[PDB]
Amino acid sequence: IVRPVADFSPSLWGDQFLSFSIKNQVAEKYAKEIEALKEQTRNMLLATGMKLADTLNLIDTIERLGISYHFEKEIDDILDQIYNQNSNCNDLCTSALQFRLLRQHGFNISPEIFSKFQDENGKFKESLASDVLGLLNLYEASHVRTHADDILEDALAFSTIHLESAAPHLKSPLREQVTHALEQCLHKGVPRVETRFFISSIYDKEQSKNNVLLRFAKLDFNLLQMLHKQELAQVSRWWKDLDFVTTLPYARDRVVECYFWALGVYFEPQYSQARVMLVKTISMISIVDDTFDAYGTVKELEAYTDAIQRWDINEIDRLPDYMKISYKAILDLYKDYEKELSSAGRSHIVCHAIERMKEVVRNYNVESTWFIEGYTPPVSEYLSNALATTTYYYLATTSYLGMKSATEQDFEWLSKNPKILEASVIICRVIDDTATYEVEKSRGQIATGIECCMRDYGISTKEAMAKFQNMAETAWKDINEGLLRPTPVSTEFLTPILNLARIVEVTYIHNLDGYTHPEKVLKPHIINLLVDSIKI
């Protein structure tokens, strides 16, 4: 009664990440210079009597350079001031940038700021088609819409067609920046990824660049990268001493991709413990998913699911030997988390992630039951099960474990499935179903999202993929709305959820599974963030 056949590609990284020894004198030299550069930058920000457009461009540059996390208080104070002054007297470039920066920071600036750029019908004035910097900022702003912003319904299409038309004749690096924006907008990109591109491909090549900011940005990126590499080494060593590579050979060996995921959720040094905890969880639920999907028999998956609900080491012997391996590793991981959080008296919060894991596994087992039965549920029923199998309710909960400022009330909010979390989960689900529809269908999975959608509504695969694309668009508007003040918890606890949605977009770009097939999408990102330093 043997098993399915292995068709997963092995880790393409080998052991190149296993040991990283930080050049300590370089670290100290970088940090010492950064302190000086950080103060110079702080004073640029606090400079009295700057014009609106100059201020917004400064803040935008500091944000794209990846160093704004040093200046949360200064940037906030400035945007707040701009928000409350109501300055509606500018051109498209400044207005669109004003709108984007304020919305991204939760300031509900009215979309009426764009009325002066439109005709009697709410269509942008085509006379603006020759203003490339205006179009570019309009373009970026168009991705931050909520449901109250139908004034902007035309902004994406308008700016896109005219940027495409202008791009081939633009000077550099402007051309490269426009071309990049059309493939990957800023708001929906992974921050370290956009930062790496901006620093190296754009700002470094700008004639007008500020030398202080550029040097700051390069040193800071390379210094954080040393931390990230230590973290990945520590995590690679943990994964190695688990040895699932050989004892659980049916499973995807993707701990580096998992680290990239955790790095997407937060890159700052204060979230180091959080990242390390998170990547371990992603790594481990990856193992569980492959057990349900590519190895376990329905009888085996039943006992596994029940063992997880009971969550007791007593239960191991009801499981086949190969499931004993992962089950003990799972239980041990949570005992590790409890020990890690003990000194800060935050051990009790681990139970929130545990309950969310039980939920994921219940729904894995349902999904397997559906496959065995040849069942094509209605879309509503399909989603009631398949949203949790994204693991995103679970990963979001997990992202909070290592965040020292997360309180019980923050977990209570998250446990009620707030709308911002639900939208992030929906984006993951529908993008995944759109990308992986064809392959899963060939493997016989009749319970696949798009199939459900086709059979339920009586519509073609094309119309179904388009209906899913639209649920993703609706979900982004809900994310954007969920960031607006007053927020139900600190922005600190919203950003991970937003970042989870961004990682989806980036991994499944151009409709391909970038996690199962890392070489396409993830590999260049991993090399740019974790292998190659920015040349100084």
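Residue positions are given as counts along the sequence shown, with the first one as 1. Rigid core: the largest C-alpha set superposing within 1.5 Å between the two forms.
Here 312-320 and 83-91 are scored by the root mean square distance of their C-alpha atoms in 7 other deposited structures of this protein, with each structure fitted by the rigid core; the higher score goes to 83-91.
Between stretches 437-445 and 160-168, greater average Cα displacement in 7 other deposited structures of this protein relative to the shown form, fitted by the core, falls on 437-445. Stretch comparison (36-44 versus 477-485) by mean CA B-factor in the PDB entry places 36-44 on top.
Of the two segments examined, 427-435 and 294-302, it is 294-302 that shows the higher average Cα temperature factor in the deposited entry. As recorded in the PDB entry, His348 shows the highest C-alpha B-factor of the residues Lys280, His348, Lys209, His180. Within the selection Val379, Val193, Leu242, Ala262, the deposited Cα B-factor values reach their highest point at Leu242. For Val132, the recorded CA temperature factor ranks within the lowest third of the chain's modelled residues.
Among the modelled residues of its chain, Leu319 has a C-alpha B-factor that falls in the highest third according to the deposited record. Among the modelled residues of the chain, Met50 sits in the highest third by CA temperature factor in this PDB entry. When the modelled residues of the chain are ordered by C-alpha B-factor, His105 sits in the lowest third.
In the deposited entry, the Cα temperature factor of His510 sits in the top third of values across the chain's modelled residues.
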